[PDB]
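First the structure, in the form of structure tokens, and then the observations on it.
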Amino acid sequence: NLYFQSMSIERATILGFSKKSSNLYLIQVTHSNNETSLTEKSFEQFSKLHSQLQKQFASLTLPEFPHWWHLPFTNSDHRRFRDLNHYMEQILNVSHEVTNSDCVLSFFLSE
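Reading the sequence shown from the start, the letters are residues -6 to 0, 1203 to 1306 in the authors' numbering.
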């Protein structure tokens, strides 16, 4: 485990929907060296990431996955953006091992 790296992930934020499809969230990832990259992910892909992290990090306190069944989540784009933003800022601040895990890096740094 390497600490204090450059291309590791610091933050990730929703810019809006992808131009390819509004089923995909356009996410800007800021690396530790302050360079940015973009990825596009569906809600199902966020769900799968969370599921994987729960299995891999059984002893850590992970953040709550968004409550998608609340009506504003279904009806409001901005609600979904806010909830995913809050999820991402928490999931990148659990531990070094979570932030630098293969599933987190693969999620954020893939197209």
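Idealized CB from N, CA, C, for every residue including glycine.
- Here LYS1215 is not near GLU1239, since their CB atoms are 9 Å or more apart.
- Membership of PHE1276 in the alpha helix (DSSP H) is indicated by the continuous run 1272 to 1286.
- Taking 9 Å as the cut-off, the Cβ atoms of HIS1245 and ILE1286 count as close.
- Straight-line measurement puts the Cα of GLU1230 at about 20 Å from the Cα of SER1213.
- Within the DSSP bridge table, the entry for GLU1235 names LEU1221 as partners.
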